[PDB]
Amino acid sequence: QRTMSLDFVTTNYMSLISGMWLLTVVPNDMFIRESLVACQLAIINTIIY
Amino acid sequence: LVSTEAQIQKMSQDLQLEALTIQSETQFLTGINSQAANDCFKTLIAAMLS
């Protein structure tokens with residue numbers, strides 16, 4: 001039950017598509033909130049909107 | 001400021017500048033650095049107050 005943290009680069013569109021596989025497998029109440037939001041927002045403004 | 005080597009690298013992929021042809025997108029990156037922002041922010045505020 002160590003809370004993880006996401007360390008990524010926004011110029012890499014493959015680490016954002018591979019970030020769609022963590023959030024659909026690992027529960028979102030485990031990542032810290034300041035790194036869960038800044039990765040969920042990067043998928044929103046780039047891939048899906 | 002936003003780190004200039006981490007911003008101009010994201011900027012140079014969205015332009016997709018080709019290394020061979022003379023195009024009007026290689027001039028989109030001339031003269032952007034940390035010093036030109038601190039001298040345009042001053043000359044906008046200081047001209048309005050005078």
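Laboratory data are not the source of any read-out in this text; all were calculated from the coordinates shown. Every residue, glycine as well, gets a Cβ built from its backbone with ideal geometry; the counts of neighbours run over all protein chains shown.
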Problem - residue A:25 vs. criteria of a type in the set (A, V, I, L, M), under 23 Å from residue B:11 (Cβ atoms) and either in a loop (DSSP other than H, G, I, E, B) or touching a strand residue (DSSP E or B) at 6+ places or on another chain (Cβ under 8 Å) (or both) - result: no
Completion exercise
Per the filter on the stretch A:15-41, residues exposed (fewer than 11 other Cβ atoms within 10 Å of the Cβ) and among the aromatic types (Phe, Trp, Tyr) are A:21
Handout entry: Residue that is farthest from the other protein chains (Cβ to nearest Cβ), among those in the stretch B:15-39 that are in a helix (DSSP H, G or I) and surrounded by fewer than 10 Cβ atoms within 10 Å (Cβ to Cβ)
Key = B:35
Problem - Looking only at the stretch A:1-22, and only at residues there that are farther than 28 Å from residue B:5 by Cβ and not in a helix (DSSP H, G or I), the one that is farthest from the other protein chains (Cβ to nearest Cβ) - result: A:1
